[PDB]
Amino acid sequence: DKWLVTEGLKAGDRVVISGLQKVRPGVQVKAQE
Amino acid sequence: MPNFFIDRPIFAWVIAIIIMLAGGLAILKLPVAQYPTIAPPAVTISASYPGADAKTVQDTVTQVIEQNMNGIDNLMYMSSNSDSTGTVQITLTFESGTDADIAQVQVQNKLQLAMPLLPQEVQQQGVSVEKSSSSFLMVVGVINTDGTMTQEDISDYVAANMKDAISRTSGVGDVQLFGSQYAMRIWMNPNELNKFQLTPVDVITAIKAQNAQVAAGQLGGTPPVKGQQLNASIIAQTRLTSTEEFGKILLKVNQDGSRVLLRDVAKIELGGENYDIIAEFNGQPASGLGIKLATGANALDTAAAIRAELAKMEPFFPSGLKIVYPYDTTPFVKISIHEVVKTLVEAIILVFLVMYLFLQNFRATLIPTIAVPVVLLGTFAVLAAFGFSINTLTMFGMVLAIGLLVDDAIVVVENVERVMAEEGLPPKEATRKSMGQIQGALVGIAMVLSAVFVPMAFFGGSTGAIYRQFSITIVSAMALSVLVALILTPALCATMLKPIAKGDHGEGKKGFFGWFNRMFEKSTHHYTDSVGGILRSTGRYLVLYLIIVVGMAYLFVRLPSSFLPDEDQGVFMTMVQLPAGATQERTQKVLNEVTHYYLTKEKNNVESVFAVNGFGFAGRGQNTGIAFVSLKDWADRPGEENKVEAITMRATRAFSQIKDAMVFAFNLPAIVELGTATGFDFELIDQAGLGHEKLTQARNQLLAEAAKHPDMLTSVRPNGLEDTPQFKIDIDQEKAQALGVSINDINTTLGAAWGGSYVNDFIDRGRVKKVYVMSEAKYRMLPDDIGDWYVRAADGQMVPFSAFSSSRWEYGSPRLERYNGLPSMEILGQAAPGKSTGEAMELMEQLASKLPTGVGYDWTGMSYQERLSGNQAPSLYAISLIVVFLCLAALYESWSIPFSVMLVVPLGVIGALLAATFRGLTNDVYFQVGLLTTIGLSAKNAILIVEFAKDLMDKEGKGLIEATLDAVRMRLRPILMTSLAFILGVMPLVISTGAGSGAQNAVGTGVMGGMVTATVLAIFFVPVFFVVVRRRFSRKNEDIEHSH
Amino acid sequence: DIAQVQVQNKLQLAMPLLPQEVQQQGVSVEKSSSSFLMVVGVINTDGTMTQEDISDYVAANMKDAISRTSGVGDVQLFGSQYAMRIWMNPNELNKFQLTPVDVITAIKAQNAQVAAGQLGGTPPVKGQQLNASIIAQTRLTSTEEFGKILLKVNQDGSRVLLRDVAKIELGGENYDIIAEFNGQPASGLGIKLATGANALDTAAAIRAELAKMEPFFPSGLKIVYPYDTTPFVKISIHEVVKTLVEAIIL
Amino acid sequence: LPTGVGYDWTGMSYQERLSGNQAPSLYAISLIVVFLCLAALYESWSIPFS
Amino acid sequence: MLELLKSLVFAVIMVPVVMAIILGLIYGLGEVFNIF
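Protein chains in written order, with UniProt numbering: chain E, 345 to 377; chain U, 1 to 1044; chain W, 101 to 350; chain S, 851 to 900; chain P, 1 to 36.
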């Protein structure tokens, strides 16, 4: 269900996955994982 | 004529009787709905080209049809949607009153030309031509109370045993399914193919040749030989009734004759033709049928016609099925109307008391009582012969007519008693001179008031019909009241009144009645006692009038102007939208959290929810969701908080806390198009064929510029859908054909597998249903799966895609549009509140003007009509000033005396503004129409007061003051009989809460203040206007008594 | 319309009596007027375009809306819409041993628009994250593109192309028609009033429709109004109301 | 009849069903209107019976 | 049955009042203009 991505991301990166409405770029956000 | 029926009352009553009979057979037979239909007709066509993107759809179908669409009348515009569902909807908007049937004709007669052109995938998936509203009439849910039927279980039974019917029944513009029909689904395993070395095609034709309806003919058919003793048709391969017959389909015989079957290569199972949709009814598996009312057809009669087809079906329901009616728009219509019936009745009663408090006798009070219904009843037939129906406003013309109707009798009736008060003549004779002196003004007054209510029925555009409802019914009963006042009432005064002695005002009476008449006369005498001193100074009050009129000029302008109240409908919808590429699971998940909200955080107010996945107004596809909710009756929803207005907001606020979901709850306005003050409908267009991506960067250019004026723009949004990564195979052709594989088979093996495909028909239980082949989901889930698909080349060797296939990510739009045959990016926003419509639109157009080369743009819908030449109203009211005056100076045969009359208009205009402006209400339809009511009355007294005082100075020799006084005091009592009778008439509505209470309060209050300030302010102010203009434009020895 | 209906009704009877392509070609019934309301002409005055250049920009950017216009019951083009002209050299086919069949049959391959469905579409497997629209072959918008349509290849792949025999270029659907205007190359529209309309009004929305189009006209593109009936009926009515006035005085 | 068995009347039965309801309601209308008029001619709530 | 007996009283009880209202208006107001 996931993408392997050869590049551009690193370990420990918290993926902002959902919330595609409440998140426009740059907006502050409270993570959930 | 009164003298005629005075001698012929039975011949009179028989007239009133008759008017009650026709009206009776009128009332039975008229249509009912909430409103006149102002909805402009349009036609929809809808395509299915399964498995496709919107792009493919658009190009091989949409524009195809577009290039055919021409030379058809009353086209306003055409809108179109292509989508990756493989779907089309092309809407063509036609001028109102344009013929629905024809439009469907003329369009489809074009359409058939493109048909042979359209992809066969289109032709068998079929197309549809719908004349219907963009909105559903009612939702009807279905479930298994026993849970013995799953959704598809419920889906199909609806489909075959129900759907066609509601789709046949007249009045239904469309039957939308929530569910799917069963199909014979064929689920492919490539590795079984290649292990058996085959292609989907291999599966397919075999279905055809081996799913067959054939006609061997008949043994001994015609023509025969001579002597043939035997005749029979021949019976050959039959359409398949079941899976098993499919699985035993022969992919081929072999050289040895070895079978290769289907059930080895595939899963055969029943299923919904498309699975795109799911609903549940308050949280369990369900299906149902979205209903859209036939354009021009009548809901209430449509709806009930729907509930007959169902009830017919109920006996034959299998175990557990139950009909549930999550959404029905009809019941608010019916209920809020008969609340006009109660009021009309209850108001009828209220007359009888007021008349009684005055008359203090049984029979007498009947006389004003029986005239009211006859004319109200008499006006229904008018609706019929003019070809009207029943509705909100017309039913409101009924009440607003009473105020006129009831004033007529009283004035007629009171007059007859005064002649008996004054002269002691018996009623039978007392009627005649009473009638004789009033018979001229009753008539002429009917011509003036008409000049008030006639001008409104010419209102331009859509609104034209709205206000037009009243003027006809209102001028209907106005005509009628007179005729009855000339015919019925007099014979009622002759027969049904007490004679009275000369000089008896009721004083000798013992009890509250005497005490009552004993106070009234002392409230009158002191009352005149002012209008005496009031006219000892004419001037001081002229300034007191300047004050008021400016106050009137202060509020009316300050009072906001709007269109029609949105009434709580006790039913609503939450639209959900999810980003593209979203799996139905990502939508399904939302639904619960949305539903879940309706099942708890609102319980009491919530009766039910029937919610969906994959559908909404979109169209189809998984990232959309909608919820039909049932609220219990208003009776279960007390307080402003428990209404839909309130409820929605909480929801709107709450859902906001969710991730991934353009969601909002809404409750639809009085009309889709009709807007008192909302947002707009705008179009970016591609004139140069610039291309979508150029538009988005043109559109996003507009929004980004748009969004910079919140003080003007607000909520500016694209209606549609951003691009999404796609899976794009680029076939190396030479390789393939270097391999000897055939493209179509490649393509074929693709769309059918990854997009599904429709083979042919079959039967389920005597019923036709559709065949489908497609990849077992697990195989079609993902990109790599392509290389699982192997192909027979010229050499028989089964060849993968991945060798001749190469694929990539990239964008395409999930959804696509055009408008009137050009690419359109629709955009929705609204005026920054405190900004009035055009101001937003100006800045829109302005913001559009700077856009890159070759960019066009357009407006439609609300903004379409917006170009309307409104503002014909002021021109007409101005006109209506002129008829009124002239008619006075006609009735009065003087250019001056009309002026003493017309000065009263601001006194009732002021009163309504106040109360409405006290309560929080608006300047609107209901408010305007009642002022004209407050006018017509408040003008009617200022008319009659003037008729009297003048005839006094004209017929008798009373001097001015002595004449003016006699007019009003003689006229004091009738007025209070009209006003108070009328005041209470409208009381139920000012107290009204619940269904219909929105219109009503506006009706009542805007009436309440008007008549109040009509009543007491005027009767002071009229005597002054007579005398003042009387004096100013005076002449000769006039003033002091010159008699005779 | 009613007329249109009974006709439409009987006509249905004879469609099965039609040879197929007529049916496939389709049979239209249209309220007709054999006299165009007007004609609006066009040119490029910097010459930067040809009569075909003008021919097509019309049909595409204008006619249908001109067609959809209120009061327009029929339009007739003077011009033609571009449609790809593939020019078959027989001797170069035989040179390559090929046939128009060879040159057609493949056209259906390249210039194909295919429906591929989706990744993980419905009915899906649960837990599915991604759903996407597969994109299969698409239409070929340009000369270069058809040319690279592939008649065939060899097992080695040697490429026998559409253009691998004859040329290819755009051109009008037919070269049948030509208009000049004052001897200047021209393309134009036959313009018929739909039966029933006020033509004073139609034409104005027609002009209106043009004031709409003009901003988007290419450079040197020009409209001309070679034929119109309105200017007459304008003065006629005037000429009449003139008589009204004097009649009043005399 | 057995389960799954419906019926429909139709044709002259379909019509004979709907236009039967209409007969009496008209006679009364046809009775009412008739009495009224004479009473107008006669000014009598009885003589019309004669 | 009690629906109407519910409104019937009130509907009657207010009649004198609102009439009593306005007779007092013309009482108080008729005092306004002789004053004014």
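Ideal Cβ placement from N, Cα and C applies to all residues, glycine included.
Residue-level contact to chain E via CB, residue i, 9 Å cutoff
i	result
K659 (chain U)	yes
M313 (chain U)	no
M662 (chain U)	yes
Residue i versus residue j - alpha carbon distance
i	j	result
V990 (chain U)	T696 (chain U)	51 Å
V122 (chain W)	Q108 (chain W)	16 Å
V333 (chain U)	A33 (chain U)	6 Å
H596 (chain U)	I154 (chain U)	23 Å
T528 (chain U)	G994 (chain U)	44 Å
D164 (chain W)	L891 (chain U)	59 Å
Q112 (chain U)	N254 (chain W)	42 Å
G51 (chain U)	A305 (chain U)	37 Å
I207 (chain W)	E309 (chain U)	52 Å
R969 (chain U)	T98 (chain U)	57 Å
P36 (chain U)	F563 (chain U)	15 Å
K659 (chain U)	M575 (chain U)	15 Å
Below-9 Å beta-carbon distance, residue i vs any chain U residue
i	result
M1 (chain P)	no
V15 (chain P)	yes
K366 (chain E)	yes
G363 (chain E)	yes
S894 (chain S)	yes
Buried/exposed call for residue i, threshold 16 Cβ in 10 Å
i	result
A878 (chain U)	exposed
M649 (chain U)	exposed
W347 (chain E)	exposed
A209 (chain W)	buried
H692 (chain U)	buried
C493 (chain U)	buried
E414 (chain U)	buried
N191 (chain W)	exposed
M1 (chain U)	exposed
Range of the contiguous alpha helix (DSSP H) that encloses residue i
i	result
residue 100 (chain W)	The requested residue 100 (chain W) does not occur in the structure, where chain W is confined to residues 101 to 350.
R767 (chain U)	Per DSSP, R767 (chain U) belongs to no alpha helix (DSSP H); it is in the beta strand (DSSP E), 767-775.
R263 (chain W)	Premise fails: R263 (chain W) is in no alpha helix (DSSP H) and is neither H nor E.
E1038 (chain U)	Where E1038 (chain U) is concerned, there is no enclosing alpha helix (DSSP H), given that its DSSP letter is neither H nor E.
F682 (chain U)	Unbroken run through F682 (chain U) is the beta strand (DSSP E), 682-686; no alpha helix (DSSP H).
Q584 (chain U)	584-599
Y27 (chain P)	2-35
9 Å Cβ cutoff, residue i in contact with chain P
i	result
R540 (chain U)	yes
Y527 (chain U)	yes
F563 (chain U)	no
Contact with chain W by residue i, beta-carbon distance below 9 Å
i	result
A114 (chain U)	yes
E866 (chain U)	no
residue 1056 (chain U)	Because residue 1056 (chain U) is not part of the residues shown, which for chain U are 1 to 1044, the question remains open.
The beta strand (DSSP E) enclosing residue i, as first and last residue numbers
i	result
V629 (chain U)	624-631
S287 (chain W)	284-293
Proximity test, Cβ basis, 9 Å: residue i and chain S
i	result
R239 (chain U)	no
residue 1045 (chain U)	This structure does not reach residue 1045 (chain U), given that chain U is present from 1 up to 1044, and the question cannot be answered.
Problem set entry | Length at least 4, wholly inside the stretch 939-1002 of chain U: the alpha helix (DSSP H) runs in chain order | 960-985, 987-990
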